[PDB]
Amino acid sequence: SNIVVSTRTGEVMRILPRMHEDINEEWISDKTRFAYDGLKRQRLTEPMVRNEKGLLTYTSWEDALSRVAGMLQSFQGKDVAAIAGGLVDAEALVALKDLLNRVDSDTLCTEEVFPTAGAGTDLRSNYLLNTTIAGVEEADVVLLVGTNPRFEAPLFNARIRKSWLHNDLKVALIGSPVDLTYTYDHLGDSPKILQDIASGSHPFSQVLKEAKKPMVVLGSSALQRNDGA
Amino acid sequence: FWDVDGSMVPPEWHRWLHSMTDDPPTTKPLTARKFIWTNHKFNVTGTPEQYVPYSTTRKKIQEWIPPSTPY
């Protein structure tokens, strides 16, 4: 979601949404809205190298950085890895992987795992929500799998209920009956439902054949699921 | 004396020398609220008493707490 931020005097006074029909349509998450305050809590202010006691102490960059310079020249290629975060900027990943290029350190681990049967990283489209949130409104039928949209995309949940108040189409949860604001058909769990629908034998899947402009949602949390493949 | 100056006058009489008021405070003593000063300390730029401007409104980011535990 896009944002107009009312900072003042080098301090962030408040957050406001910046409207965009493709995304927020000027209704950002209430959780994001009060997020700014957390920037004001504890912060990595100074470098903190462990001492001989194994306790960290405040340190100049020359120290810690010459030290990690002393470590990372040792273990090129194998025996090194990089734990990417969930909020982290792509650029640091670019430079860091490039660092791992120079030493040919292939490791590139990242927080959430994503299954890749036939390697789905290549097609890029695989993990993409290929239909836009703006594109959801034209759908004449929509389905969801696993995690409720609101606890990942409350905005998108509002888009759903808005379509439900307007465009009129079926939606139903799979794997849980989580308390969504709009009506949704109850359904059991994956092993049966996915196959009964894949077969098209499932009456709900018969409704899926019945209606055009399909959409098929998956909670990305279910991409893991150990055997979520 | 031999160091007399301004600010030696009390604020009521300070109003009186400037003749903002024809009537000396004698006749019309002022409100005398609880929080106003009484001795009247006059201007003091030198000597140990001395105004000091300083930072106000505490802190900002609150720098992160270092661990106390070894390892």
# chains A, B, ... in the order shown; residues from 1 in each chain; ligands from 1
>>> interface_residues(of="chain A", to="chain B", cutoff="7 Å", atoms="only C-alpha atoms", output="CSV table (one decimal) with C-alpha atoms, in the first residue's frame")
chain,number,residue,atom,x,y,z
A,40,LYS,CA,10.6,4.8,18.2
A,41,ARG,CA,11.4,1.8,20.4
A,42,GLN,CA,14.8,0.1,20.7
A,43,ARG,CA,17.1,0.4,17.7
A,44,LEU,CA,20.4,-1.0,16.6
A,45,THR,CA,22.1,2.3,17.3
A,53,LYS,CA,34.0,-12.6,27.5
A,54,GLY,CA,31.6,-13.3,24.6
A,55,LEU,CA,29.7,-10.2,25.6
>>> residues_around(residues="residue 116 of chain A", least_positions_apart="6", cutoff="12 Å", atoms="only C-alpha atoms", output="PyMOL selection string")
chain A and resi 122-124+126-127+223-224+227-229
>>> residues_around(residues="residue 15 of chain A", least_positions_apart="6", cutoff="12 Å", atoms="only C-alpha atoms", output="list in words")
residues 1, 2, 3, 4, 5, 6, 7, 8, 28, 29, 30, 31, 32, 33, 34, 35, 36 and 37 of chain A
>>> write_last_selection(atoms="N, CA and C atoms", output="short mmCIF file (atom, residue, chain, number, x, y, z; two decimals), in the first residue's frame")
data_model
loop_
_atom_site.label_atom_id
_atom_site.label_comp_id
_atom_site.auth_asym_id
_atom_site.auth_seq_id
_atom_site.Cartn_x
_atom_site.Cartn_y
_atom_site.Cartn_z
N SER A 1 0.80 -1.22 0.00
CA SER A 1 0.00 0.00 0.00
C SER A 1 0.84 1.28 0.00
N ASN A 2 0.41 2.25 -0.80
CA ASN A 2 1.11 3.51 -0.96
C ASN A 2 0.84 4.45 0.21
N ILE A 3 1.79 5.32 0.54
CA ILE A 3 1.65 6.19 1.72
C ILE A 3 2.17 7.62 1.58
N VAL A 4 1.38 8.54 2.14
CA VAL A 4 1.78 9.92 2.41
C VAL A 4 2.07 10.08 3.91
N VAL A 5 3.33 10.36 4.24
CA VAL A 5 3.76 10.34 5.63
C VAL A 5 4.00 11.73 6.20
N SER A 6 3.25 12.08 7.23
CA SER A 6 3.40 13.38 7.88
C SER A 6 4.49 13.33 8.95
N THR A 7 5.73 13.50 8.51
CA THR A 7 6.87 13.65 9.41
C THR A 7 7.01 15.09 9.85
N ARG A 8 7.67 15.33 10.98
CA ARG A 8 7.99 16.69 11.38
C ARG A 8 9.27 16.73 12.20
N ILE A 28 -5.82 2.04 4.04
CA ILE A 28 -4.69 1.21 4.45
C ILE A 28 -5.01 0.44 5.73
N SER A 29 -4.23 -0.60 6.00
CA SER A 29 -4.37 -1.40 7.21
C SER A 29 -4.26 -0.59 8.48
N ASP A 30 -5.12 -0.90 9.43
CA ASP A 30 -5.07 -0.29 10.75
C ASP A 30 -3.80 -0.72 11.47
N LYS A 31 -3.25 -1.87 11.11
CA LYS A 31 -2.03 -2.31 11.76
C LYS A 31 -0.84 -1.51 11.25
N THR A 32 -0.81 -1.25 9.95
CA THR A 32 0.24 -0.42 9.37
C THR A 32 0.14 1.01 9.87
N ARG A 33 -1.09 1.45 10.10
CA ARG A 33 -1.37 2.84 10.43
C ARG A 33 -0.72 3.27 11.73
N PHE A 34 -0.58 2.34 12.67
CA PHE A 34 0.02 2.70 13.95
C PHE A 34 1.38 2.04 14.11
N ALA A 35 1.92 1.56 12.99
CA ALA A 35 3.22 0.90 13.00
C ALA A 35 4.37 1.84 13.33
N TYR A 36 4.22 3.12 12.99
CA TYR A 36 5.33 4.07 13.04
C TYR A 36 5.94 4.17 14.43
N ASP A 37 5.10 4.00 15.44
CA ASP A 37 5.49 4.16 16.83
C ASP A 37 6.59 3.18 17.17
#
>>> select_by_dssp(residues="segment 142-196 of chain A", states="alpha helix (DSSP H)", output="list in words")
residues 154, 155, 156, 157, 158, 159, 160, 161, 162, 163, 164, 165, 190, 191, 192, 193, 194, 195 and 196 of chain A
>>> write_last_selection(atoms="N, CA and C atoms", output="compact mmCIF listing (two decimals), in the first residue's frame")
# COMPACT_ATOMS: atom_id res chain seq x y z
N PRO A 154 -5.86 -7.16 4.69
CA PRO A 154 -7.16 -6.64 5.15
C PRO A 154 -7.80 -5.77 4.09
N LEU A 155 -6.96 -5.06 3.35
CA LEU A 155 -7.40 -4.21 2.26
C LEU A 155 -8.15 -5.07 1.26
N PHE A 156 -7.50 -6.17 0.88
CA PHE A 156 -8.05 -7.08 -0.11
C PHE A 156 -9.33 -7.74 0.40
N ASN A 157 -9.39 -7.97 1.71
CA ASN A 157 -10.61 -8.48 2.33
C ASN A 157 -11.74 -7.49 2.16
N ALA A 158 -11.40 -6.21 2.29
CA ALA A 158 -12.38 -5.16 2.08
C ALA A 158 -12.80 -5.12 0.62
N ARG A 159 -11.86 -5.45 -0.27
CA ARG A 159 -12.17 -5.52 -1.69
C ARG A 159 -13.17 -6.64 -1.95
N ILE A 160 -12.99 -7.71 -1.19
CA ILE A 160 -13.86 -8.87 -1.31
C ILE A 160 -15.26 -8.54 -0.86
N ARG A 161 -15.37 -8.00 0.35
CA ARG A 161 -16.68 -7.65 0.90
C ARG A 161 -17.35 -6.58 0.06
N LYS A 162 -16.55 -5.72 -0.56
CA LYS A 162 -17.09 -4.70 -1.43
C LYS A 162 -17.69 -5.33 -2.67
N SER A 163 -16.99 -6.31 -3.23
CA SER A 163 -17.51 -7.02 -4.39
C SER A 163 -18.77 -7.78 -4.01
N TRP A 164 -18.78 -8.28 -2.78
CA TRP A 164 -19.89 -9.02 -2.22
C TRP A 164 -21.10 -8.13 -2.03
N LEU A 165 -20.84 -6.85 -1.77
CA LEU A 165 -21.88 -5.84 -1.65
C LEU A 165 -22.26 -5.28 -3.01
N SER A 190 -8.21 -30.30 2.92
CA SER A 190 -7.53 -30.47 1.64
C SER A 190 -7.57 -31.84 0.93
N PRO A 191 -7.25 -32.94 1.64
CA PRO A 191 -6.98 -34.17 0.91
C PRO A 191 -8.15 -34.62 0.04
N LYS A 192 -9.37 -34.36 0.51
CA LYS A 192 -10.56 -34.76 -0.20
C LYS A 192 -10.98 -33.67 -1.17
N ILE A 193 -11.09 -32.46 -0.65
CA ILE A 193 -11.65 -31.35 -1.40
C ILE A 193 -10.85 -31.04 -2.65
N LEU A 194 -9.52 -31.08 -2.54
CA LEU A 194 -8.66 -30.71 -3.65
C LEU A 194 -8.79 -31.68 -4.81
N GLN A 195 -9.06 -32.94 -4.49
CA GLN A 195 -9.14 -33.98 -5.49
C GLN A 195 -10.55 -34.07 -6.07
N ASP A 196 -11.54 -33.88 -5.20
CA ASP A 196 -12.93 -33.86 -5.61
C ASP A 196 -13.20 -32.68 -6.52
>>> residues_around(residues="segment 90-97 of chain A", least_positions_apart="2", cutoff="12 Å", atoms="only C-alpha atoms", output="number ranges by chain")
A: 72, 77, 80-88, 99-110
>>> residues_around(residues="residue 187 of chain A", least_positions_apart="2", cutoff="10 Å", atoms="only C-alpha atoms", output="PyMOL selection string")
chain A and resi 172-177+184-185+189-190+193+204
>>> atom_distance(atom1="atom CA of residue 24 of chain A", atom2="atom CA of residue 115 of chain A")
28.8 Å
>>> residues_around(residues="residue 142 of chain A", least_positions_apart="4", cutoff="6 Å", atoms="only C-alpha atoms", output="number ranges by chain")
A: 171, 214-215
>>> write_last_selection(atoms="C-alpha atoms", output="PDB file, in the first residue's frame")
ATOM      1  CA  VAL A 171     -16.644 -17.338  -2.245  1.00  0.00           C
ATOM      2  CA  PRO A 214     -12.702 -17.950 -12.304  1.00  0.00           C
ATOM      3  CA  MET A 215     -10.300 -16.944  -9.591  1.00  0.00           C
TER       4      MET A 215
END
>>> residues_around(residues="residue 12 of chain B", least_positions_apart="5", cutoff="12 Å", atoms="only C-alpha atoms", output="list in words")
residues 7, 17, 18, 19, 20, 21, 23, 24, 25, 26, 27, 28, 29, 30, 31, 32, 38 and 40 of chain B
>>> closest_residue(among="B:59, B:43, B:52, B:22", to="residue 5 of chain B", atoms="only C-alpha atoms")
B:43
>>> select_by_dssp(residues="segment 9-159 of chain A", states="strand (DSSP E)", output="PyMOL selection string")
chain A and resi 11-17+48-50+56-58
>>> atom_distance(atom1="atom CA of residue 208 of chain A", atom2="atom CA of residue 182 of chain A")
19.1 Å
>>> atom_distance(atom1="atom CA of residue 41 of chain B", atom2="atom CA of residue 54 of chain B")
21.6 Å
>>> decode(residues="segment 86-102 of chain A", atoms="N, CA and C atoms", output="PDB file, in the first residue's frame")
ATOM      1  N   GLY A  86      12.104 -10.775   6.108  1.00  0.00           N
ATOM      2  CA  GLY A  86      10.818 -10.570   5.461  1.00  0.00           C
ATOM      3  C   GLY A  86      10.514  -9.148   5.012  1.00  0.00           C
ATOM      4  N   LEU A  87      11.176  -8.175   5.633  1.00  0.00           N
ATOM      5  CA  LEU A  87      10.963  -6.763   5.327  1.00  0.00           C
ATOM      6  C   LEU A  87      12.108  -6.189   4.515  1.00  0.00           C
ATOM      7  N   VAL A  88      13.156  -6.985   4.339  1.00  0.00           N
ATOM      8  CA  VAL A  88      14.412  -6.488   3.797  1.00  0.00           C
ATOM      9  C   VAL A  88      14.299  -6.005   2.347  1.00  0.00           C
ATOM     10  N   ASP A  89      15.002  -4.919   2.057  1.00  0.00           N
ATOM     11  CA  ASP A  89      15.089  -4.349   0.721  1.00  0.00           C
ATOM     12  C   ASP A  89      15.817  -5.245  -0.276  1.00  0.00           C
ATOM     13  N   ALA A  90      15.369  -5.228  -1.527  1.00  0.00           N
ATOM     14  CA  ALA A  90      15.946  -6.088  -2.553  1.00  0.00           C
ATOM     15  C   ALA A  90      17.405  -5.753  -2.845  1.00  0.00           C
ATOM     16  N   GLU A  91      17.774  -4.482  -2.694  1.00  0.00           N
ATOM     17  CA  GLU A  91      19.125  -4.043  -3.039  1.00  0.00           C
ATOM     18  C   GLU A  91      20.211  -4.707  -2.209  1.00  0.00           C
ATOM     19  N   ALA A  92      19.971  -4.832  -0.909  1.00  0.00           N
ATOM     20  CA  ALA A  92      20.952  -5.451  -0.033  1.00  0.00           C
ATOM     21  C   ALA A  92      21.129  -6.903  -0.433  1.00  0.00           C
ATOM     22  N   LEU A  93      20.036  -7.513  -0.867  1.00  0.00           N
ATOM     23  CA  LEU A  93      20.083  -8.872  -1.364  1.00  0.00           C
ATOM     24  C   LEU A  93      20.906  -8.927  -2.637  1.00  0.00           C
ATOM     25  N   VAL A  94      20.813  -7.869  -3.434  1.00  0.00           N
ATOM     26  CA  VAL A  94      21.522  -7.827  -4.699  1.00  0.00           C
ATOM     27  C   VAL A  94      23.017  -7.781  -4.433  1.00  0.00           C
ATOM     28  N   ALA A  95      23.427  -6.832  -3.598  1.00  0.00           N
ATOM     29  CA  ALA A  95      24.836  -6.663  -3.283  1.00  0.00           C
ATOM     30  C   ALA A  95      25.401  -7.866  -2.533  1.00  0.00           C
ATOM     31  N   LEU A  96      24.584  -8.480  -1.686  1.00  0.00           N
ATOM     32  CA  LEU A  96      25.069  -9.581  -0.862  1.00  0.00           C
ATOM     33  C   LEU A  96      25.219 -10.844  -1.682  1.00  0.00           C
ATOM     34  N   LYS A  97      24.243 -11.107  -2.541  1.00  0.00           N
ATOM     35  CA  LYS A  97      24.394 -12.211  -3.465  1.00  0.00           C
ATOM     36  C   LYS A  97      25.557 -11.966  -4.403  1.00  0.00           C
ATOM     37  N   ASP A  98      25.801 -10.710  -4.763  1.00  0.00           N
ATOM     38  CA  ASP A  98      26.945 -10.407  -5.614  1.00  0.00           C
ATOM     39  C   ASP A  98      28.247 -10.695  -4.877  1.00  0.00           C
ATOM     40  N   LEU A  99      28.238 -10.449  -3.569  1.00  0.00           N
ATOM     41  CA  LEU A  99      29.353 -10.823  -2.712  1.00  0.00           C
ATOM     42  C   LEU A  99      29.551 -12.320  -2.738  1.00  0.00           C
ATOM     43  N   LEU A 100      28.438 -13.040  -2.754  1.00  0.00           N
ATOM     44  CA  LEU A 100      28.500 -14.485  -2.762  1.00  0.00           C
ATOM     45  C   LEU A 100      28.825 -14.983  -4.160  1.00  0.00           C
ATOM     46  N   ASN A 101      28.714 -14.097  -5.140  1.00  0.00           N
ATOM     47  CA  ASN A 101      29.091 -14.424  -6.500  1.00  0.00           C
ATOM     48  C   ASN A 101      30.590 -14.391  -6.596  1.00  0.00           C
ATOM     49  N   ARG A 102      31.183 -13.337  -6.047  1.00  0.00           N
ATOM     50  CA  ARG A 102      32.623 -13.152  -6.155  1.00  0.00           C
ATOM     51  C   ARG A 102      33.372 -14.309  -5.501  1.00  0.00           C
TER      52      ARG A 102
END
